[PDB]
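Structure data follow from my_file09.pdb (PDB, C-alpha atoms):
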ATOM      1  CA  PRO A 356     -97.063 295.159 337.710
ATOM      2  CA  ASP A 357     -94.582 292.976 335.796
ATOM      3  CA  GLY A 358     -94.539 295.355 332.812
ATOM      4  CA  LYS A 359     -94.521 292.568 330.237
ATOM      5  CA  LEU A 360     -96.834 291.019 327.685
ATOM      6  CA  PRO A 361     -99.528 288.955 329.447
ATOM      7  CA  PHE A 362     -98.794 285.805 327.446
ATOM      8  CA  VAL A 363     -96.937 282.657 328.494
ATOM      9  CA  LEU A 364     -95.664 280.400 325.706
ATOM     10  CA  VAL A 365     -94.124 276.967 326.294
ATOM     11  CA  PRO A 366     -92.864 274.677 323.507
ATOM     12  CA  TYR A 367     -93.425 270.932 323.370
ATOM     13  CA  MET A 368     -90.173 270.069 321.609
ATOM     14  CA  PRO A 369     -88.044 273.234 321.500
ATOM     15  CA  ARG A 370     -86.635 274.597 318.265
ATOM     16  CA  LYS A 371     -83.041 275.788 318.622
ATOM     17  CA  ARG A 372     -83.021 279.568 319.129
ATOM     18  CA  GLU A 373     -86.661 279.912 318.116
ATOM     19  CA  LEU A 374     -89.659 281.224 320.040
ATOM     20  CA  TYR A 375     -92.184 278.690 318.763
ATOM     21  CA  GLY A 376     -91.843 274.952 319.269
ATOM     22  CA  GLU A 377     -92.128 271.855 317.105
ATOM     23  CA  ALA A 378     -94.926 269.394 317.841
ATOM     24  CA  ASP A 379     -94.839 265.587 317.869
ATOM     25  CA  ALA A 380     -96.275 264.808 314.413
ATOM     26  CA  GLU A 381     -93.257 266.365 312.677
ATOM     27  CA  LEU A 382     -91.021 263.314 313.170
ATOM     28  CA  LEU A 383     -94.017 260.972 312.886
ATOM     29  CA  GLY A 384     -94.518 262.107 309.293
ATOM     30  CA  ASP A 385     -94.638 259.410 306.589
ATOM     31  CA  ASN A 386     -94.759 256.723 309.269
ATOM     32  CA  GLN A 387     -98.526 257.114 309.481
ATOM     33  CA  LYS A 388     -98.563 257.178 305.673
ATOM     34  CA  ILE A 389     -96.688 253.883 305.274
ATOM     35  CA  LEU A 390     -98.584 252.164 308.088
ATOM     36  CA  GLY A 391    -101.950 253.294 306.716
ATOM     37  CA  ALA A 392    -101.018 252.303 303.166
ATOM     38  CA  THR A 393    -100.114 248.813 304.414
ATOM     39  CA  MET A 394    -103.224 248.396 306.577
ATOM     40  CA  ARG A 395    -105.357 249.525 303.633
ATOM     41  CA  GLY A 396    -103.547 246.981 301.469
ATOM     42  CA  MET A 397    -104.289 244.188 303.926
ATOM     43  CA  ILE A 398    -107.948 245.226 304.154
ATOM     44  CA  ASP A 399    -108.070 245.417 300.350
ATOM     45  CA  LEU A 400    -106.645 241.893 300.148
ATOM     46  CA  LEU A 401    -109.261 240.566 302.569
ATOM     47  CA  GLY A 402    -112.308 242.428 301.237
ATOM     48  CA  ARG A 403    -111.738 242.215 297.487
ATOM     49  CA  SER A 404    -111.710 238.417 297.759
ATOM     50  CA  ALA A 405    -114.403 235.726 297.597
ATOM     51  CA  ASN A 406    -115.391 234.260 300.969
TER      52      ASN A 406
ATOM     53  CA  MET B   1     -95.934 252.747 252.075
ATOM     54  CA  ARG B   2     -96.179 250.536 248.994
ATOM     55  CA  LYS B   3     -98.935 250.523 246.370
ATOM     56  CA  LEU B   4    -101.377 247.788 245.403
ATOM     57  CA  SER B   5     -99.725 247.662 241.975
ATOM     58  CA  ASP B   6     -96.393 246.835 243.618
ATOM     59  CA  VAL B   7     -98.069 244.272 245.884
ATOM     60  CA  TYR B   8     -99.385 242.488 242.788
ATOM     61  CA  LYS B   9     -95.862 242.238 241.387
ATOM     62  CA  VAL B  10     -94.189 241.146 244.635
ATOM     63  CA  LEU B  11     -96.929 238.552 245.107
ATOM     64  CA  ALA B  12     -96.335 237.227 241.586
ATOM     65  CA  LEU B  13     -92.645 236.535 242.299
ATOM     66  CA  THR B  14     -92.648 234.988 245.781
ATOM     67  CA  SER B  15     -95.952 233.451 246.873
ATOM     68  CA  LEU B  16     -98.098 233.077 243.744
ATOM     69  CA  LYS B  17     -95.212 232.046 241.502
ATOM     70  CA  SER B  18     -96.615 228.736 240.243
ATOM     71  CA  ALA B  19    -100.136 230.178 239.995
ATOM     72  CA  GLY B  20    -101.849 229.922 236.632
ATOM     73  CA  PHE B  21    -102.852 233.561 236.223
ATOM     74  CA  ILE B  22     -99.220 234.734 236.254
ATOM     75  CA  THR B  23     -98.711 236.688 233.048
ATOM     76  CA  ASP B  24     -96.052 235.908 230.449
ATOM     77  CA  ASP B  25     -93.715 238.616 231.778
ATOM     78  CA  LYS B  26     -93.889 236.928 235.238
ATOM     79  CA  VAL B  27     -94.060 240.368 236.897
ATOM     80  CA  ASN B  28     -97.836 240.793 237.034
ATOM     81  CA  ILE B  29    -101.132 238.979 237.600
ATOM     82  CA  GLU B  30    -103.681 238.409 234.844
ATOM     83  CA  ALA B  31    -106.940 240.364 234.869
ATOM     84  CA  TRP B  32    -109.059 237.276 235.636
ATOM     85  CA  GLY B  33    -107.618 236.386 239.046
ATOM     86  CA  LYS B  34    -107.105 239.923 240.319
ATOM     87  CA  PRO B  35    -110.520 240.000 242.097
ATOM     88  CA  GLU B  36    -109.436 236.780 243.811
ATOM     89  CA  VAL B  37    -106.049 238.123 244.917
ATOM     90  CA  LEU B  38    -107.557 241.444 245.994
ATOM     91  CA  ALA B  39    -110.104 239.545 248.096
ATOM     92  CA  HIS B  40    -107.160 237.768 249.752
ATOM     93  CA  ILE B  41    -105.084 240.879 250.467
ATOM     94  CA  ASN B  42    -108.096 242.562 252.077
ATOM     95  CA  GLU B  43    -108.604 239.576 254.372
ATOM     96  CA  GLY B  44    -104.851 239.390 254.930
ATOM     97  CA  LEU B  45    -104.592 242.963 256.183
ATOM     98  CA  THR B  46    -107.692 242.508 258.350
ATOM     99  CA  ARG B  47    -106.101 239.586 260.200
ATOM    100  CA  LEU B  48    -102.763 241.383 260.580
ATOM    101  CA  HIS B  49    -104.485 244.560 261.771
ATOM    102  CA  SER B  50    -106.486 242.487 264.290
ATOM    103  CA  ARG B  51    -103.725 240.672 266.200
ATOM    104  CA  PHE B  52    -101.271 243.560 266.387
ATOM    105  CA  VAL B  53    -102.283 247.116 267.268
ATOM    106  CA  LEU B  54    -101.079 248.554 263.977
ATOM    107  CA  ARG B  55    -103.502 251.441 263.336
ATOM    108  CA  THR B  56    -104.943 253.350 266.293
ATOM    109  CA  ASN B  57    -107.383 256.022 265.111
ATOM    110  CA  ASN B  58    -109.956 258.245 266.804
ATOM    111  CA  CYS B  59    -113.167 259.598 265.265
ATOM    112  CA  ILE B  60    -115.249 262.125 267.196
ATOM    113  CA  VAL B  61    -118.982 261.427 267.519
ATOM    114  CA  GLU B  62    -121.245 264.423 268.094
ATOM    115  CA  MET B  63    -124.346 263.991 270.253
ATOM    116  CA  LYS B  64    -127.761 264.296 268.616
ATOM    117  CA  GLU B  65    -130.647 264.681 271.052
ATOM    118  CA  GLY B  66    -132.990 261.714 271.245
ATOM    119  CA  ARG B  67    -130.397 259.217 269.972
ATOM    120  CA  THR B  68    -128.579 256.998 272.469
ATOM    121  CA  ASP B  69    -127.356 254.135 270.269
ATOM    122  CA  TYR B  70    -124.570 255.512 268.043
ATOM    123  CA  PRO B  71    -123.393 252.984 265.429
ATOM    124  CA  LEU B  72    -119.949 253.912 264.137
ATOM    125  CA  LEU B  73    -120.699 253.127 260.490
ATOM    126  CA  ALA B  74    -119.827 255.237 257.442
ATOM    127  CA  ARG B  75    -123.462 255.972 256.548
ATOM    128  CA  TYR B  76    -123.797 258.254 259.597
ATOM    129  CA  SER B  77    -120.660 260.300 258.889
ATOM    130  CA  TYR B  78    -120.576 263.823 257.466
ATOM    131  CA  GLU B  79    -118.634 263.457 254.207
ATOM    132  CA  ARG B  80    -120.260 260.094 253.400
ATOM    133  CA  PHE B  81    -123.806 260.865 254.544
ATOM    134  CA  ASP B  82    -126.339 258.442 253.074
ATOM    135  CA  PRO B  83    -129.813 260.013 253.404
ATOM    136  CA  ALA B  84    -131.480 256.724 252.466
ATOM    137  CA  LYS B  85    -130.184 254.833 255.528
ATOM    138  CA  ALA B  86    -129.318 257.598 258.026
ATOM    139  CA  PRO B  87    -131.664 260.299 259.370
ATOM    140  CA  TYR B  88    -128.920 262.749 260.357
ATOM    141  CA  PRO B  89    -125.101 262.708 260.339
ATOM    142  CA  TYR B  90    -123.349 262.753 263.712
ATOM    143  CA  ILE B  91    -119.757 261.564 263.140
ATOM    144  CA  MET B  92    -117.256 264.243 262.080
ATOM    145  CA  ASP B  93    -114.614 263.740 259.395
ATOM    146  CA  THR B  94    -112.644 266.040 257.123
ATOM    147  CA  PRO B  95    -112.729 265.660 253.323
ATOM    148  CA  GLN B  96    -109.080 264.576 253.209
ATOM    149  CA  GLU B  97    -109.618 261.859 255.856
ATOM    150  CA  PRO B  98    -113.209 260.582 255.650
ATOM    151  CA  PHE B  99    -114.522 257.810 257.894
ATOM    152  CA  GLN B 100    -113.616 254.440 256.352
ATOM    153  CA  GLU B 101    -115.834 252.110 258.438
ATOM    154  CA  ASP B 102    -112.715 250.526 259.924
ATOM    155  CA  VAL B 103    -113.500 249.900 263.609
ATOM    156  CA  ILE B 104    -112.353 246.543 264.976
ATOM    157  CA  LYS B 105    -112.287 247.262 268.720
ATOM    158  CA  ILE B 106    -113.074 250.424 270.675
ATOM    159  CA  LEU B 107    -110.433 251.100 273.317
ATOM    160  CA  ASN B 108    -110.863 254.462 275.076
ATOM    161  CA  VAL B 109    -113.370 257.300 274.645
ATOM    162  CA  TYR B 110    -112.979 260.815 276.050
ATOM    163  CA  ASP B 111    -115.502 263.671 276.067
ATOM    164  CA  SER B 112    -115.819 267.281 274.948
ATOM    165  CA  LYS B 113    -114.920 268.373 278.498
ATOM    166  CA  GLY B 114    -111.958 266.017 278.987
ATOM    167  CA  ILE B 115    -113.732 263.532 281.275
ATOM    168  CA  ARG B 116    -112.917 259.907 280.498
ATOM    169  CA  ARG B 117    -116.024 257.699 280.432
ATOM    170  CA  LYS B 118    -115.586 253.993 281.357
ATOM    171  CA  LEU B 119    -116.572 251.233 278.879
ATOM    172  CA  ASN B 120    -118.906 248.308 279.749
ATOM    173  CA  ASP B 121    -119.292 249.235 283.434
ATOM    174  CA  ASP B 122    -122.668 248.031 284.716
ATOM    175  CA  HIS B 123    -122.594 250.173 287.881
ATOM    176  CA  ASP B 124    -121.253 253.398 286.352
ATOM    177  CA  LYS B 125    -123.493 256.268 285.258
ATOM    178  CA  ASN B 126    -121.266 258.224 282.833
ATOM    179  CA  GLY B 127    -120.454 254.953 281.084
ATOM    180  CA  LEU B 128    -120.730 254.222 277.372
ATOM    181  CA  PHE B 129    -121.774 250.618 276.809
ATOM    182  CA  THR B 130    -121.130 249.011 273.426
ATOM    183  CA  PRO B 131    -123.962 246.539 272.670
ATOM    184  CA  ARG B 132    -122.070 245.377 269.565
ATOM    185  CA  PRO B 133    -118.423 246.032 268.574
ATOM    186  CA  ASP B 134    -119.194 248.801 266.049
ATOM    187  CA  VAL B 135    -121.807 250.615 268.158
ATOM    188  CA  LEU B 136    -121.962 252.883 271.211
ATOM    189  CA  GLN B 137    -124.736 253.380 273.777
ATOM    190  CA  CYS B 138    -124.449 256.665 275.639
ATOM    191  CA  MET B 139    -127.284 256.771 278.169
ATOM    192  CA  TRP B 140    -127.297 260.573 278.624
ATOM    193  CA  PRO B 141    -126.780 262.677 275.492
ATOM    194  CA  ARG B 142    -125.952 265.932 277.260
ATOM    195  CA  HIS B 143    -125.944 269.267 275.434
ATOM    196  CA  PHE B 144    -122.853 270.359 273.499
ATOM    197  CA  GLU B 145    -121.076 266.995 273.697
ATOM    198  CA  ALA B 146    -118.763 264.859 271.540
ATOM    199  CA  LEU B 147    -116.683 261.687 271.951
ATOM    200  CA  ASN B 148    -113.120 261.168 270.753
ATOM    201  CA  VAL B 149    -113.267 257.375 270.453
ATOM    202  CA  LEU B 150    -109.809 255.810 270.344
ATOM    203  CA  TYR B 151    -110.244 252.466 268.595
ATOM    204  CA  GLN B 152    -108.239 249.707 266.974
ATOM    205  CA  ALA B 153    -108.522 250.057 263.215
ATOM    206  CA  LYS B 154    -108.136 247.949 260.087
ATOM    207  CA  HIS B 155    -106.625 249.017 256.792
ATOM    208  CA  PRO B 156    -109.163 250.939 254.655
ATOM    209  CA  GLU B 157    -110.866 248.606 252.178
ATOM    210  CA  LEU B 158    -108.919 248.042 248.956
ATOM    211  CA  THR B 159    -111.447 248.767 246.209
ATOM    212  CA  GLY B 160    -109.199 247.454 243.443
ATOM    213  CA  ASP B 161    -107.526 250.607 242.180
ATOM    214  CA  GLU B 162    -103.859 249.945 241.406
ATOM    215  CA  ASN B 163    -102.845 253.316 242.857
ATOM    216  CA  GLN B 164    -104.130 252.822 246.422
ATOM    217  CA  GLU B 165    -101.315 252.834 248.955
ATOM    218  CA  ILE B 166    -101.021 250.098 251.583
ATOM    219  CA  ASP B 167    -100.182 250.839 255.233
ATOM    220  CA  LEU B 168     -98.163 247.873 256.426
ATOM    221  CA  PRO B 169     -94.832 247.695 258.276
ATOM    222  CA  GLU B 170     -92.052 246.621 255.933
ATOM    223  CA  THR B 171     -91.150 243.736 258.244
ATOM    224  CA  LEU B 172     -94.660 242.235 258.008
ATOM    225  CA  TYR B 173     -94.812 241.929 254.218
ATOM    226  CA  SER B 174     -93.284 238.446 254.457
ATOM    227  CA  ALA B 175     -96.379 237.447 256.420
ATOM    228  CA  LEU B 176     -98.993 238.987 254.124
ATOM    229  CA  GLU B 177     -97.536 236.983 251.231
ATOM    230  CA  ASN B 178     -97.613 233.775 253.284
ATOM    231  CA  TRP B 179    -101.326 234.346 253.972
ATOM    232  CA  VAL B 180    -102.272 235.080 250.363
ATOM    233  CA  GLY B 181    -100.449 231.882 249.445
ATOM    234  CA  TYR B 182    -102.435 229.989 252.071
ATOM    235  CA  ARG B 183    -105.811 231.280 250.897
ATOM    236  CA  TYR B 184    -105.026 230.658 247.222
ATOM    237  CA  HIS B 185    -103.407 227.225 247.510
ATOM    238  CA  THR B 186    -106.044 225.863 249.899
ATOM    239  CA  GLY B 187    -108.947 226.360 247.482
ATOM    240  CA  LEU B 188    -107.652 224.175 244.663
ATOM    241  CA  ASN B 189    -108.608 221.054 246.682
ATOM    242  CA  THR B 190    -105.635 219.131 245.248
ATOM    243  CA  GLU B 191    -103.353 217.091 247.497
ATOM    244  CA  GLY B 192    -100.208 218.843 246.288
ATOM    245  CA  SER B 193    -101.640 222.341 246.655
ATOM    246  CA  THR B 194    -103.286 221.667 250.023
ATOM    247  CA  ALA B 195    -100.008 220.479 251.555
ATOM    248  CA  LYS B 196     -98.391 223.713 250.361
ATOM    249  CA  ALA B 197    -101.181 225.790 251.915
ATOM    250  CA  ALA B 198    -100.383 224.411 255.375
ATOM    251  CA  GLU B 199     -96.715 225.328 254.978
ATOM    252  CA  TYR B 200     -97.608 228.865 253.902
ATOM    253  CA  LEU B 201    -100.119 229.256 256.739
ATOM    254  CA  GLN B 202     -97.716 227.947 259.381
ATOM    255  CA  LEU B 203     -95.029 230.313 258.093
ATOM    256  CA  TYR B 204     -97.551 233.118 258.614
ATOM    257  CA  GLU B 205     -97.598 232.306 262.326
ATOM    258  CA  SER B 206     -93.804 231.984 262.455
ATOM    259  CA  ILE B 207     -93.295 235.450 260.971
ATOM    260  CA  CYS B 208     -96.149 236.835 263.082
ATOM    261  CA  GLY B 209     -94.312 235.333 266.062
ATOM    262  CA  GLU B 210     -90.934 236.854 265.244
ATOM    263  CA  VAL B 211     -92.621 240.269 264.892
ATOM    264  CA  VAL B 212     -94.061 239.943 268.401
ATOM    265  CA  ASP B 213     -90.849 238.466 269.827
ATOM    266  CA  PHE B 214     -88.899 241.586 268.828
ATOM    267  CA  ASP B 215     -91.506 244.354 269.376
ATOM    268  CA  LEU B 216     -91.540 245.319 265.695
ATOM    269  CA  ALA B 217     -95.291 246.067 265.814
ATOM    270  CA  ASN B 218     -95.286 248.086 269.058
ATOM    271  CA  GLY B 219     -96.998 245.521 271.273
ATOM    272  CA  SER B 220     -95.093 245.990 274.516
ATOM    273  CA  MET B 221     -96.487 248.749 276.721
ATOM    274  CA  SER B 222     -95.124 250.591 279.751
ATOM    275  CA  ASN B 223     -96.938 253.327 281.648
ATOM    276  CA  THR B 224     -96.314 255.482 284.691
ATOM    277  CA  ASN B 225     -97.923 254.036 287.824
ATOM    278  CA  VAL B 226    -100.308 256.911 288.506
ATOM    279  CA  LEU B 227    -102.397 254.612 290.715
ATOM    280  CA  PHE B 228     -99.690 254.687 293.414
ATOM    281  CA  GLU B 229    -100.117 258.311 294.482
ATOM    282  CA  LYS B 230    -103.930 258.152 294.386
ATOM    283  CA  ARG B 231    -104.372 255.226 296.806
ATOM    284  CA  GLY B 232    -102.396 257.085 299.486
ATOM    285  CA  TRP B 233     -98.866 255.695 299.810
ATOM    286  CA  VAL B 234     -96.949 258.877 300.660
TER     287      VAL B 234
END

So that I can check it, write out the structure of this file as structure tokens.
Amino acid sequence: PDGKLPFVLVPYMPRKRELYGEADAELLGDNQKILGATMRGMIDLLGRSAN
Amino acid sequence: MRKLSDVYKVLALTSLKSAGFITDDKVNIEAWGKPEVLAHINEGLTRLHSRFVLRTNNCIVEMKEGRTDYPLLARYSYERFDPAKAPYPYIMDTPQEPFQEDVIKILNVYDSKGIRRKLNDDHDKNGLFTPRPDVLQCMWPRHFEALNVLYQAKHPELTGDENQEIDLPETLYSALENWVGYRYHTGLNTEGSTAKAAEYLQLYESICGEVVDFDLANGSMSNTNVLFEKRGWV
């Protein structure tokens, strides 16, 4: 009855004047990279040693 | 790029000036001590070409099936094949630049496909061990292969011809003379000559230290840190 497309779209973080939305991992980019590259460095320091 | 004839003259005026075999014109060396001096220049260049990386050369080594140990001698080359001591030739050299048996240390070997193979890696299939400095032990001679072996090199042996040209940096000629003087003056076993040999030998280190304290022999190395991007680290 509504005479419209039977789809409902909701954004997570809206993009200004844009139908689709921007997710969470867009701002979280390179933070995971740095944190992983430091944790891997710490694990490298511990494991590549002589205990 | 001086000549051995010129090296004889320059040696006769600076280092071997009080030597007996200096001819009456003072600008040459008599024909009885020339084997001695030539045997000192050859050792002199070998030492200088050992400390500094002065001559980096690569000679490709084709794979022959059934052979894993690949000595990098001149008897196995193509232009200098010696059928009496080599079953088949597997090194590759052009007539203008034949193999001169001048390998001091092997540094980095690539393949016919472009894959770098590690050296002396116990846990590393695709690794070419060297059981002795002038050899090579490839454990899998695959079909259609070859090995561009980048190695430290010494000056080609000076046979004695006075027209053979010497590859030494101009700044290091004051150290070759101070090593010929050391070798010559130390064999006379006289107190006066021995004390001069020490001075000439110590000056060899002093000049070989000033050459490395000013990067005149290309010893300092800088490379792009390609490891950074591979380990992650966005």

Compare A:380, A:360, A:392, A:397 by their minimum atom-to-atom distance to chain B, counting all atoms listed in the file, and give me the closest one.
A:392

Identify all residues satisfying the ChimeraX specification (/B :<12) & /A in the given file; provide them as an NGL selection string.
:A and (384-396 or 399)

Give as a list in words the residues that the PyMOL selection byres ((chain B and resi 161) around 10) matches when applied to the coordinates above.
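On the file shown, the PyMOL selection byres ((chain B and resi 161) around 10) covers residues 3, 4, 5, 38, 158, 159, 160, 162, 163, 164 and 165 of chain B.
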
Using the chain letters and numbers from the file, give me the residues hit by the PyMOL selection byres ((chain B and resi 217) around 9), as a list in words.
residues 52, 53, 54, 169, 171, 172, 211, 212, 214, 215, 216, 218, 219 and 220 of chain B

Keeping only C-alpha atoms, take the residues you just selected and write them out as a compact mmCIF listing (two decimals), in the coordinates of the input.
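Saved result, selection.txt, follows:
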# COMPACT_ATOMS: atom_id res chain seq x y z
CA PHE B 52 -101.27 243.56 266.39
CA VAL B 53 -102.28 247.12 267.27
CA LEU B 54 -101.08 248.55 263.98
CA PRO B 169 -94.83 247.70 258.28
CA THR B 171 -91.15 243.74 258.24
CA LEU B 172 -94.66 242.24 258.01
CA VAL B 211 -92.62 240.27 264.89
CA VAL B 212 -94.06 239.94 268.40
CA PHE B 214 -88.90 241.59 268.83
CA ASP B 215 -91.51 244.35 269.38
CA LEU B 216 -91.54 245.32 265.70
CA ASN B 218 -95.29 248.09 269.06
CA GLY B 219 -97.00 245.52 271.27
CA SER B 220 -95.09 245.99 274.52

Using all atoms listed in the file for the distances, tell me which of B:8, B:129, B:19, B:228 is nearest to residue 188 of chain B.
B:19

Report, in Å with one decimal, the straight-line distance from atom CA of residue 20 of chain B to atom CA of residue 189 of chain B.
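Atom-to-atom, atom CA of residue 20 of chain B to atom CA of residue 189 of chain B, that is 15.0 Å.
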
d(atom CA of residue 382 of chain A, atom CA of residue 229 of chain B) in Å
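Distance between the two atoms: 21.4 Å.
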
For each of B:167, B:63, B:194, B:226, take the minimum atom-to-atom distance to residue 2 of chain B, counting all atoms listed in the file, then give the residue where this is smallest.
B:167

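Closest approach to residue 57 of chain B among B:106, B:91, B:175, B:45: B:106, based on only C-alpha atoms.
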
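Relative to atom CA of residue 154 of chain B, atom CA of residue 67 of chain B is found at 26.8 Å.
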
Taking only C-alpha atoms into account, which of B:37, B:203, B:59, B:153 comes nearest residue 174 of chain B?
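The answer is B:203, which sits nearest to residue 174 of chain B.
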
Looking at only C-alpha atoms, which of B:137, B:223, B:126, B:108 is the one that sits closest to residue 58 of chain B?
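Nearest candidate to residue 58 of chain B out of B:137, B:223, B:126, B:108: B:108.
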